[PDB]
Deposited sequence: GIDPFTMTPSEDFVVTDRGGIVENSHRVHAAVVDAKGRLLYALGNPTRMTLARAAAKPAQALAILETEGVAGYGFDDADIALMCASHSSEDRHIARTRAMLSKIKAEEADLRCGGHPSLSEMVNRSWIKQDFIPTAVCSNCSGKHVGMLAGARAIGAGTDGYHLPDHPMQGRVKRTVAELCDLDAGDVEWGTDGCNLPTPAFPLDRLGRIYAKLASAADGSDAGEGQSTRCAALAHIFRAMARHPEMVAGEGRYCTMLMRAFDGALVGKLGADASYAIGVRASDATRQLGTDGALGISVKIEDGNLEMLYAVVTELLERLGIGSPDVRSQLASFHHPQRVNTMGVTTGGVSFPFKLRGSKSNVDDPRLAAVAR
């Protein structure tokens, strides 16, 4: 009610029914440069956050930096599937089996389990057949095959490749902290749905990982000499952008986003409503005030995915990233339909949040909340 005392604690996405507030959801977001400097924020941009599957490009880097993995001949689409929370479409299952074959492993070697598909259409096909998904159907199956590959390549057991004491998980933990530029004690660890260790760290550092992806892609495309790590980051970016259907699937936000942007960015979902985007240097990033790549990370405090995709699409519009025509491929996510059982629209979504970082009285405190 007072535009001059607005605060991070008031950064919301709200749904209404005939103008009456239905639900409200707190938003947190960080927009960072290629070194992690914070450029813009919503909510608490340093919120300690479970990255969930948005950490997968970092886990893929740990796989690709494992000595001997290159000999298996994983291609870009295989790397994309390592980075994926796929919809368990037949092509994802088939590629998982092909990756198994490249390392001479079997489905029984996987330590992830089946689950209902992340795609409603795939799940409808499974329901019709009373199909029970198995390990090879896991949305994380590509990451698991990559972890198996790394365990085999260094001569570790494949037994227990998913456990924290295994050297593959030691490599993951170190790689995540290094990409975030954190000490190990500033990264916390739980266990994911796919039964791997999964990291939590300040939300802005998830943005920093993705800014580093995009920055590495810029350096590779420009022909700059790169470290082995930067070359591997550039390869991960390229793989995701070239095979975005491996990263998610038909009708999925990550796939539709990356297809619409045609190489300009990569993006990835984390469960419980986190999202991360790495944006290559562009006219839009320069207008935001940086000379290199950019990273964006978002968390919806209560975990609602429909709201996450609406907010991410709104934030891209506010940041001037893309064109209206590019972002219009995402219109169904930006303003989710609210049509009742008789075809009547009953309400909608609104975005009463305010990006900070672009000028207010110096006496307005922005308390991260």
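Missing from the model, by position in the deposited sequence, are residues 1, 360 to 362.
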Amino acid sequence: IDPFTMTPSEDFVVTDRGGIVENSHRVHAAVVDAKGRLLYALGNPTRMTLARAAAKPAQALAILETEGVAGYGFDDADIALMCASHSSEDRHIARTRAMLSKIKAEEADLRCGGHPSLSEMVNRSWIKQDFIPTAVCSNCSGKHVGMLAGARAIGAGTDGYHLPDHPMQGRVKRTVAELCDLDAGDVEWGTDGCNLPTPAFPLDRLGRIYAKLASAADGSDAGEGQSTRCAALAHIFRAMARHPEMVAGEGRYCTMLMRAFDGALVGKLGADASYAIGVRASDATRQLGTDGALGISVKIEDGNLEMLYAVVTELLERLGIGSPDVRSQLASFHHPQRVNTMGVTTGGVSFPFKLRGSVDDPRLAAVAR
From here on, numbers count along this sequence of modelled residues.
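When 96 to 104 is weighed against 127 to 135, 127 to 135 comes out higher, by mean CA B-factor as recorded in the entry. The question of which stretch, 235 to 243 or 152 to 160, has the higher mean Cα B factor is settled in favour of 152 to 160.
In this structure the maximum Cα B-factor among 45, 322, 57, 303 is found at 322.
When the C-alpha B factors of 182, 81, 298, 112 are read from the deposited coordinates, the top value falls at 112.
When all modelled residues of the chain are sorted by CA temperature factor, residue 76 is found within the middle third. When the modelled residues of the chain are ordered by C-alpha B-factor, residue 207 sits in the lowest third.
Annotation for residue 268: CA B-factor lies in the lowest third of the chain's modelled residues.
For residue 85, the recorded CA B-factor ranks within the middle third of the chain. Only modelled residues enter the ranking. Ranked by C-alpha B-factor against the other modelled residues of its chain, residue 276 falls in the lowest third.
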